[PDB]
Amino acid sequence: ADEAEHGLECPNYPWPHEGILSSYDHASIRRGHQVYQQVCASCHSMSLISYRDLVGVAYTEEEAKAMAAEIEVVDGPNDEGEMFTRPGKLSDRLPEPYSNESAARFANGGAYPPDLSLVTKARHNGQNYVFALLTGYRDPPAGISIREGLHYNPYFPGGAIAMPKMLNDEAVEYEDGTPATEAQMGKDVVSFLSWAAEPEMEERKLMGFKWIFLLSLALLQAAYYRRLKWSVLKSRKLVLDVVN
Amino acid sequence: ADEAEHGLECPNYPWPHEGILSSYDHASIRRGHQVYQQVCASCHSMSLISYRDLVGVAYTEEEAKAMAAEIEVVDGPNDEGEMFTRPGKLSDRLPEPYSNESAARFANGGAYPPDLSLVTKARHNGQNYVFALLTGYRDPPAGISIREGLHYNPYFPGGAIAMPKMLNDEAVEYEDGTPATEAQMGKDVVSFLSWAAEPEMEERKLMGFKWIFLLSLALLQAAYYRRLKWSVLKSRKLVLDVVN
Amino acid sequence: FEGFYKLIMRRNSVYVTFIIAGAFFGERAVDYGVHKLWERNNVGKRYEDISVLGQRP
Amino acid sequence: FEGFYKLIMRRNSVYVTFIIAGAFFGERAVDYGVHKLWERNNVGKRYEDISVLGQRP
Amino acid sequence: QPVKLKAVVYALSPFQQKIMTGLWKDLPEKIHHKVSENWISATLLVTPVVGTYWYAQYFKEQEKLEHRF
Amino acid sequence: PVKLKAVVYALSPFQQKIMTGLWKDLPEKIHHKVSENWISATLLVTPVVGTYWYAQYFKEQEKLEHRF
Amino acid sequence: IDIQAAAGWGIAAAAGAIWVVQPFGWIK
Amino acid sequence: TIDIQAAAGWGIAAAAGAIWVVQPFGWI
Ligand code: HEM
Ligand code: HEM
């Protein structure tokens, strides 16, 4: 109606990658990727991410290879002219849960689980939005009823989301030994999603600091150079006959 | 040596559409389409041609509407996310005989029957070559043996072709009643293939005759204009003092 | 006769109108003449000359 | 600064090589320093600092 | 068309003058000048923006409270 | 600017015939074109024609010798 | 000379519009 | 006898520039 139409505004969380010299927490990326492939991946696609993308970020070369071999990728045609199956390689994109958008809607009550490769860039205040939405399932306010098949989430615009609560406690088991609470998995999966939206952030930030510092030095020299050239004009003494 | 490598040259035939003011023979185009449907289409695709292209050229709208409806085209996905089939519409292209190129080769001894949409434009002396090759299956010269699966054809380069002779008498039943001899069907099909490669020939030819006639008249006016403007200069009498 | 004639060579606006009208009619006359000769040279080869036109089965 | 002037600024060809060398060496010095600040500001958050790195079953 | 001028101009070499210290010379008087000449201009630019923005937040707040049961 | 002393008489373009001079003195025009340009025409046509007929002759001998 | 020329060019422009755009059928 | 010195000094500038734009330390 009035306030539910946009939803409830998300807070500002202190993400470890926030700050002009702050990088991603790579341990939280690897942890958040396990949350994706164990909770998210059954309904959400990440079609922009390849298995080689994780090498040097969260997984080693061998780890990412064994990861891709675990999945079955279509290929062909063979010399006889049929489509076959092969183990995934590092060049292969992360697999799709459904065959097309209509299949996704048929499996999810007519609603489409959006692709999560750019979701933190595709929403306003996106990293905080995704965290607040996932951890923000609760009971609706008095006098608000939710259609069966929908769940109340004040952070969703309109307050009725086709996503069910997916971040129940201990929904995942971590490899390092971190208690996988709802808030812990919510933090880790957003670190993973944020890196997926902007994998160039670390190189971008190292470039920005380096050159803004250098261009600042050139600006001081640019000012001195301009003032050196103009000094003969600015300090000149001009004598003229006129008075008024 | 090299004589077989290039192939026997194709003679020149008096095609009814040859000539600066000659149209296609539309009755032959419609007959050559029937030859395509019943002989060529088993293994040749014409993927640049659609059923709506035949309307106004060789078939009426209802004729081509019916013809599309007898074929099945993969459509979808439906609301459940699954592919289905439906009778073809005018906008549908001509059906492919094979799923992919590898499947086409596997069904033809490893040789690929090329797409026939632009064949008359894709071979040197295209119309005469396609007619001569279709009607040029004869016994090899003495001293020449053809490996199994191939057929001798002097117009085909090298001499050994993988396409069997398929233009045989009475291979097609013509609605108009003309005898479906080998030469008749070879002439009609090349007429259809000529139109399929160059469907704009008639409009292009009518524009050429009109505009070259108009541009020639503009050349006469331009010649008069130049000479009229330059006449004051070309007829002038120049008197100087010099001699040698 | 003389009225249009005198106006053409005395006012450039009338002459430009005359050019536009002559371009329009001269273009259509040639297109009509070209198509008549195209029809005379292609008797029997038109889509409307197909005997079986309309009976596909 | 006149002793420096006598060796490098006297000829433009040398002074140009001085600017190319300083562009090279200055750029490398800033590269190392910015990277050292990034390492010192992000302790434990790197890919080499993943404890279970290499141990995925 | 050239002008016809009569004037005497004395100039000193750039390498005989201080280049940068003039930027922070009599700094307080510079700020005094900038605020003195331009306070009317700054008011005609800042007041409508801030005033219209403040009213819009004031409108939206009240309208949000009237629709609340 | 060059200092030039000359007298020029010119006639209005609307007082002379514009096109008949194209076909005037034609035998002179054809004679002049041939008599001045036959060496130029020979130096351009002979090497392109001599090379072409030689290549055709060579291909005919090469084809026949490879036969049986 | 000022109104006559204006009507003459206005006629030329209208004929030119009918010549470039040929809406023979929009006379409804 | 300076043109030979200006040539030698501009070749050094050219060589330093080439090593600077392309930095083939991995290839040396
Ligand atoms: C931790 C696991 C998951 C995460 C992080 C995740 C993330 C997201 C995000 C970011 C959205 C976008 C919401 C928006 O557009 O504002 C979304 C929507 C949605 N998700 Fe997921 N998802 C997860 C698991 C699932 C699962 C397991 C399902 C199905 C069983 C699912 C079904 C949906 C649907 C249907 C929507 C759209 C709902 C609507 O627009 O009304 N999601 N999810
Ligand atoms: C009237 C019917 C057909 C016509 C007009 C036709 C036309 C052609 C043309 C123009 C070519 C290309 C020749 C070249 O490469 O220069 C070709 C090749 C070929 N055709 Fe057809 N075709 C017809 C029917 C068929 C049929 C019925 C088959 C198989 C049953 C077939 C199989 C092939 C194959 C395998 C080739 C490749 C030959 C090679 O590459 O050696 N064609 N055909």
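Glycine also receives a Cβ, built like all others from the backbone with ideal geometry; neighbour counts cover every protein chain displayed. Values in this text are rule-based calculations from the coordinates and carry no lab data.
Considering only residues that are away from chain B (no Cβ under 14 Å) and within 29 Å of residue B:101 (Cβ to Cβ), which ones fall in region A:70-90? First the steps, then the outcome.
Keep residues of region A:70-90 that are away from chain B (no Cβ under 14 Å), which gives A:70-73, A:85-90.
Result: A:71, A:72, A:73, A:85, A:86, A:87, A:88, A:89, A:90.
Go through region A:1-31 residue by residue and tally those that are more than 14 Å from chain D (Cβ to nearest Cβ) and of a type in the set (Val, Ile, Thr).
We begin by selecting, within region A:1-31, every residue more than 14 Å from chain D (Cβ to nearest Cβ); these are A:1-13.
Checking which are of a type in the set (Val, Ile, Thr) leaves us with none.
Selection size over region A:1-31: 0.
I want to confirm something. Restricting to region B:166-183 and keeping residues that are without any contact (Cβ under 8 Å) to a residue 60 or more places away in the chain and touching a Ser or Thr at 6+ places or on another chain (Cβ under 7 Å), which single residue is surrounded by the most Cβ atoms within 10 Å (Cβ to Cβ)?
Ranking the qualifying residues of region B:166-183, first place goes to B:182.
Can you find a residue in region D:23-34 that is facing another protein chain (nearest Cβ under 9 Å), of a type in the set (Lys, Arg) and either farther than 27 Å from residue A:54 by Cβ or surrounded by 13 or more Cβ atoms within 10 Å (Cβ to Cβ) (or both)?
For region D:23-34, residues facing another protein chain (nearest Cβ under 9 Å), of a type in the set (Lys, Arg) and either farther than 27 Å from residue A:54 by Cβ or surrounded by 13 or more Cβ atoms within 10 Å (Cβ to Cβ) (or both): absent.
Going by the structure shown, is residue D:54 over 25 Å from the mean Cα position of the chain (by Cα), more than 7 Å from every other protein chain (Cβ to nearest Cβ) and free of Cβ contacts under 8 Å to residues at least 24 places away in the same chain?
Working: over 25 Å from the mean Cα position of the chain (by Cα): yes; more than 7 Å from every other protein chain (Cβ to nearest Cβ): no; free of Cβ contacts under 8 Å to residues at least 24 places away in the same chain: yes.
No: the conditions fail for residue D:54.
Is there a residue in region A:46-56 that is within 11 Å of ligand 1 (Cβ to nearest atom) and over 26 Å from residue A:159 (Cβ atoms)?
Residues of region A:46-56 that are within 11 Å of ligand 1 (Cβ to nearest atom), as a first pass: A:46.
Now restrict to residues that are over 26 Å from residue A:159 (Cβ atoms): A:46.
Yes: region A:46-56 contains one or more residues that are within 11 Å of ligand 1 (Cβ to nearest atom) and over 26 Å from residue A:159 (Cβ atoms).
Just checking, which of F:29, F:24, F:17, F:3 is of a type in the set (D, E, K, R) and farther than 29 Å from residue B:228 by Cα? Give the steps one after another, and end with the answer.
Details: F:29 fails: farther than 29 Å from residue B:228 by Cα; F:24 fails: farther than 29 Å from residue B:228 by Cα; F:17 fails: farther than 29 Å from residue B:228 by Cα.
Unique residue meeting the criteria: F:3.
Any residue that is touching a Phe, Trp or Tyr at 6+ places or on another chain (Cβ under 9 Å) and farther than 30 Å from residue D:57 by Cβ - is there at least one of those in region A:118-126?
Taking every residue of region A:118-126 in turn, at least one turns out to be touching a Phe, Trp or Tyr at 6+ places or on another chain (Cβ under 9 Å) and farther than 30 Å from residue D:57 by Cβ.
Quick check on residue A:81: is it touching a helix residue (DSSP H, G or I) at 6+ places or on another chain (Cβ under 8 Å) and within 16 Å of ligand 2 (Cβ to nearest atom)? Outline the logic, then answer.
Values: touching a helix residue (DSSP H, G or I) at 6+ places or on another chain (Cβ under 8 Å): yes; within 16 Å of ligand 2 (Cβ to nearest atom): yes.
When the stated conditions are applied, residue A:81 passes them.
Before we move on, is residue A:42 surrounded by fewer than 14 Cβ atoms within 10 Å (Cβ to Cβ), more than 16 Å from ligand 2 (Cβ to nearest atom) and either within 30 Å of residue B:105 (Cα to Cα) or not polar (S, T, N, Q) (or both)? Talk me through it step by step, then tell me what you get.
On the way: surrounded by fewer than 14 Cβ atoms within 10 Å (Cβ to Cβ): yes; more than 16 Å from ligand 2 (Cβ to nearest atom): yes; either within 30 Å of residue B:105 (Cα to Cα) or not polar (S, T, N, Q) (or both): no.
Judged against the criteria, residue A:42 is not a match.
Could you tell me how many of the residues in region B:146-181 are touching a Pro at 6+ places or on another chain (Cβ under 8 Å) and among the hydroxyl-bearing types (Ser, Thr, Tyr)?
Qualifying residue count for the region: 1.
Does residue F:38 satisfy the condition of being aromatic (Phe, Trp, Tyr) and within 30 Å of residue B:220 (Cβ to Cβ)? Give the steps one after another, and end with the answer.
Working: aromatic (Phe, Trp, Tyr): yes; within 30 Å of residue B:220 (Cβ to Cβ): no.
In short, no.
What are the residues in region F:1-40 that are part of a helix (DSSP H, G or I) and among the aliphatic types (A, V, I, L, M), if any?
The initial filter retains those residues of region F:1-40 that are part of a helix (DSSP H, G or I), namely F:13-15, F:20-23, F:26-40.
Scanning region F:1-40 gives F:22, F:26, F:30, F:34, F:39.
From the list B:239, B:232, pick out the single residue that is touching a strand residue (DSSP E or B) at 6+ places or on another chain (Cβ under 6 Å), surrounded by fewer than 17 Cβ atoms within 10 Å (Cβ to Cβ) and either away from every other protein chain (no Cβ under 13 Å) or not acidic (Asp, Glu) (or both). Don't jump to the end; show me each part of the working.
Values: B:232 fails: touching a strand residue (DSSP E or B) at 6+ places or on another chain (Cβ under 6 Å).
Just a single option satisfies the conditions, and that option is B:239.
Residue-by-condition table, conditions (1) surrounded by 16 or more Cβ atoms within 10 Å (Cβ to Cβ); (2) touching a residue at least 40 places away in the same chain (Cβ under 8 Å); (3) within 18 Å of the chain's Cα centre (by Cα); (4) within 16 Å of ligand 1 (Cβ to nearest atom):
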{"site": "B:83", "(1), (2), (3), (4)": "no, no, no, no"}
{"site": "B:90", "(1), (2), (3), (4)": "yes, yes, no, no"}
{"site": "B:117", "(1), (2), (3), (4)": "yes, yes, yes, no"}
{"site": "B:135", "(1), (2), (3), (4)": "yes, yes, yes, no"}
{"site": "B:147", "(1), (2), (3), (4)": "no, no, no, no"}
{"site": "B:152", "(1), (2), (3), (4)": "yes, no, no, no"}
{"site": "B:161", "(1), (2), (3), (4)": "yes, no, no, no"}
{"site": "B:164", "(1), (2), (3), (4)": "no, no, no, no"}
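Just checking, which of F:11, F:64 is within 29 Å of residue B:232 (Cβ to Cβ), within 14 Å of another protein chain (Cβ to nearest Cβ) and over 15 Å from the mean Cα position of the chain (by Cα)? Full working, then the answer.
Numbers: F:64 fails: within 29 Å of residue B:232 (Cβ to Cβ).
Going through F:11, F:64 in turn, just one is within 29 Å of residue B:232 (Cβ to Cβ), within 14 Å of another protein chain (Cβ to nearest Cβ) and over 15 Å from the mean Cα position of the chain (by Cα): F:11.
Report yes if residue D:11 is surrounded by 13 or more Cβ atoms within 10 Å (Cβ to Cβ), within 13 Å of chain H (Cβ to nearest Cβ) and over 25 Å from residue H:25 (Cβ atoms), otherwise no. Steps first, please.
Details: surrounded by 13 or more Cβ atoms within 10 Å (Cβ to Cβ): yes; within 13 Å of chain H (Cβ to nearest Cβ): yes; over 25 Å from residue H:25 (Cβ atoms): yes.
Yes: the conditions hold for residue D:11.
Would you check which residues across region A:92-115 are within 12 Å of ligand 1 (Cβ to nearest atom), under 22 Å from the mean Cα position of the chain (by Cα) and hydrophobic (A, V, I, L, M, F, W, C) and list them?
A:104, A:111
Residue-wise test of (1) out of contact with any helix residue (DSSP H, G or I) (no Cβ under 6 Å at 6 or more places or on another chain); (2) more than 8 Å from every other protein chain (Cβ to nearest Cβ); (3) surrounded by 10 or more Cβ atoms within 10 Å (Cβ to Cβ).
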position: F:7; (1), (2), (3): yes, no, no
position: F:15; (1), (2), (3): yes, yes, no
position: F:20; (1), (2), (3): yes, yes, no
position: F:44; (1), (2), (3): yes, yes, yes
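Can you confirm whether region B:209-223 contains a residue that is assigned to a helix (DSSP H, G or I), away from chain F (no Cβ under 14 Å) and in contact (Cβ under 8 Å) with a residue 60 or more places away in the chain? Don't jump to the end; show me each part of the working.
Keep residues of region B:209-223 that are assigned to a helix (DSSP H, G or I), which gives B:209-223.
Still in the running and away from chain F (no Cβ under 14 Å): B:209-218.
Checking the rest, the ones that are also in contact (Cβ under 8 Å) with a residue 60 or more places away in the chain come to B:209.
Yes, that holds for at least one residue.
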